Amino acid sequence: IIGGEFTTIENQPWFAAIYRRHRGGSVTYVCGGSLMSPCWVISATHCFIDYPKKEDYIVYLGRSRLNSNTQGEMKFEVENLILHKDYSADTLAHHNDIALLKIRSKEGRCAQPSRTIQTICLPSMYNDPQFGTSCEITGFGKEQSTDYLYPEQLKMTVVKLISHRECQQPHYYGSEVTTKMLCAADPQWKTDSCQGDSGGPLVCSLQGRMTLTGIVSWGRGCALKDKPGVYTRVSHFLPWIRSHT
Ligand SMILES: N=C(N)c1ccc2cc(C(=O)Nc3ccccc3)ccc2c1
């Protein structure tokens with residue numbers, strides 16, 4: 001997250017932190033995700049398609065820092081990794097960029113809700129927020145595109161939704177962005193999501209309800225002028241999410 005503010009897991013309790021174990025035993029951060037139900041985390045298929053072995057992933061809920069054990073956190077393995085069968089990647093755009101991770105503790109349990117671990121609600125069909133709505137993102141991604149290290153402390157920022165018509169303008173993304181994707185960005189281009197934030201939530205308050213409106217997917221650069229962050233539109237995928245859970 002470029003710009004924005006430092007925060008802690010009690011203010012984003014649906015956020016999941018997903019790491020990968022390498023041969024040799026080092027572990028490194030991969031992507032964010034969101035808790036949708038005690039045993040199901042939803043993220044982005046591009047985060048996993050090149051390393052599709054479910055046994056390699058570690059998922060934490062309740063965790064506020066990259067490298068330390070936050071009180072109250074919970075650690076998990078992945079019982080079932082489900083990637084979308086029509087996922088694909090062009091030069092910029094990613095398609096059907098959505099995945100499901102069924103989670104279990106070493107005793108075989110799903111997440112236990114608490115003050116620092118909670119679900120986020122899914123959207124309803126054909127009801128997303130209007131353009132111009134402010135929504136939040138969260139993640140452990142890069143603070144600047146030239147950094148190679150990720151921030152030790154969890155970050156968040158707020159961005160505004162952009163219409164399909166504006167996002168398809170030729171200096172934005174043209175016909176590369178489709179009606180299954182949603183654009184969002186800062187009007188002054190000073191804060192944004194970035195590499196390391198993929199898979200994480202775009203949460204919008206709609207009609208009084210905090211809602212998982214999008215999943216961090218792709219973008220040209222980070223915080224660049226006329227280059228919005230682009231997000232999977234979760235409401236289109238409601239029949240796929242129910243059928244696979
Ligand atoms: N400008 C953004 N909001 C944005 C969003 C997601 C991003 C993801 C990657 C990324 O590296 N994606 C990726 C990694 C591995 C395989 C495929 C894509 C890079 C820049 C981003 C910018």
Side-chain angles (χ1 to χ4, degrees), residues 1-5 15-20 22 28-34 42-53 56-57 81 83-84 86-99 101 131 133-151 154-162 164 166-169 171-174 176-178 180-204 212-234:
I1 299 252
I2 315 290
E5 51 188 72
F15 184 73
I18 309 172
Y19 300 73
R20 180 167 68 88
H22 296 73
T28 61
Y29 191 74
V30 176
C31 285
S34 301
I42 196 167
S43 186
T45 279
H46 88 244
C47 290
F48 317 97
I49 192 63
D50 297 333
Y51 296 93
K53 290 166 60 76
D56 288 351
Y57 292 96
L81 179 68
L83 304 186
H84 198 115
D86 303 302
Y87 163 82
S88 76
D90 277 293
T91 315
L92 285 185
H94 290 220
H95 306 279
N96 297 302
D97 202 356
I98 194 174
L101 284 78
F131 67 82
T133 295
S134 287
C135 303
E136 65 169 345
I137 52 196
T138 324
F140 282 108
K142 289 193 186 182
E143 300 197 74
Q144 296 292 159
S145 303
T146 54
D147 294 340
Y148 63 101
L149 294 179
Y150 289 7
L154 188 56
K155 303 188 65 178
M156 61 79 68
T157 198
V158 175
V159 291
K160 284 182 159 56
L161 298 190
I162 294 165
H164 193 236
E166 177 173 327
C167 215
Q168 288 215 134
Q169 288 307 300
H171 278 92
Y172 281 63
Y173 295 130
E176 292 171 62
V177 65
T178 72
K180 289 162 58 182
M181 312 172 180
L182 285 163
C183 295
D186 176 11
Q188 296 301 302
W189 314 103
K190 298 296 113 48
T191 184
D192 195 357
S193 49
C194 193
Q195 175 161 58
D197 295 314
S198 292
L202 173 70
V203 172
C204 299
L212 187 68
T213 296
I215 296 308
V216 185
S217 188
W218 61 272
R220 169 75 280 285
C222 303
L224 301 189
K225 171 169 181 204
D226 296 334
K227 303 295 165 179
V230 185
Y231 299 80
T232 304
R233 181 170 61 78
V234 174

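The first residue in the sequence is number 1, and the count goes up from there. The figures that follow rest on heavy atoms only: side chains count, while hydrogens, waters and symmetry mates do not. Both ligands and their constituent atoms are indexed starting at 1 by order of listing.
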May I ask you to check if ligand 1 and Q195 share an N or O to N or O distance below 3.5 Å?
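Such a contact does occur with ligand 1.
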
Is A223 in polar range of ligand 1, meaning some N or O pair under 3.5 Å apart?
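Not met; the criterion fails.
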
Has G221 got any heavy atom lying under 4.0 angstrom from an atom of ligand 1?
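It does, in that a heavy atom of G221 comes within the 4.0 Å cut-off of ligand 1.
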
Which atoms from ligand 1 have a heavy atom of [X] less than 4.0 Å away?
| X | value |
| --- | --- |
| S198 | 6 (C), 8 (C) |
| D192 | 1 (N), 2 (C), 3 (N) |
| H94 | 17 (C), 18 (C) |

Shortest protein contact, atom 14 (C) of ligand 1 (heavy atom only):
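I find the closest protein heavy atom is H46 CD2, 4.0 Å.
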
For atom 2 (C) of ligand 1, which protein heavy atom lies nearest, and how many Å away is it?
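The closest one turns out to be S193 O, 3.3 Å.
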
Taking atom [atom1] of [X] and atom [atom2] of [Y], what is their separation to the nearest 0.5 Å?
| X | Y | atom1 | atom2 | result |
| --- | --- | --- | --- | --- |
| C47 | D97 | SG | CG | 7.0 Å |
| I2 | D186 | CD1 | CG | 11.5 Å |
| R20 | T28 | CZ | OG1 | 6.0 Å |

Listed partners of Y29 passing ring pair (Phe, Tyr, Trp, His ring centres under 6.0 Å), at least two apart
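Testing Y29 for ring pair (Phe, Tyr, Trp, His ring centres under 6.0 Å), a comparison that skips the adjacent residues, returns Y19, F140.
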
Parallel, tilted or perpendicular for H94 and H46, by the 30°/60° rule?
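Perpendicular, since the angle between the ring planes exceeds 60°.
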
Is there a side-chain contact between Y172 and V177 in this structure, where contact means two heavy atoms from C-beta onward sitting under 4.5 Å apart?
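They are not in side-chain contact.
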
